[PDB]
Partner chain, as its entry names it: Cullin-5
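Heads up, the chain below is alone and in the form deposited without the partner chain; it's given as structure tokens.
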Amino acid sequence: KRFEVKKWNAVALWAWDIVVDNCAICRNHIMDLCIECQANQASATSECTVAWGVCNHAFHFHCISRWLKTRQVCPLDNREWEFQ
């Protein structure tokens, strides 16, 4: 291989990330409507809801449900999932 990298001296700048209160799975403000339900004609199910698991990070029940039909776990950290 004609070119081999011996050293690399790199510069990087850091800034702060911005923080907002969001369903991480879909992204919509917690306290606000889950997105699929924002795109919905007003429905029975249209009254998704705040769910918390033991891990303490929180989701729209709507979103975390379809997350839990697939894996058994929590998406953010990784833990098998029980409510609170």
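C-alpha atoms forming the largest set that superposes within 1.5 Å between two forms make up the rigid core. Residues that one form lacks are left out of the comparison. Positions refer to the first chain, counted from 1.
Although it is not shown, the form deposited with the partner chain bound is what the next lines describe.
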Quiz item: Does superposing the core leave residue 9 with a CA shift of 2 Å or more between the shown form and the other one?
Solution: yes
Quiz item: Closer or farther: the CA pair residue 54/residue 19 in the entry with it bound, versus this form, with a change of 3 Å or more?
Solution: closer
Exercise. Work out the direction of the Cα-Cα change for residue 19 and residue 31 in the entry with it bound: closer or farther than in this form? It's 3 angstroms or more.
Key: closer
Quiz item: Tell me, which consecutive runs of three or more residues change place between the shown form and the other one by 2 Å or more at the CA, with the core overlaid?
Solution: 1-20, 40-47
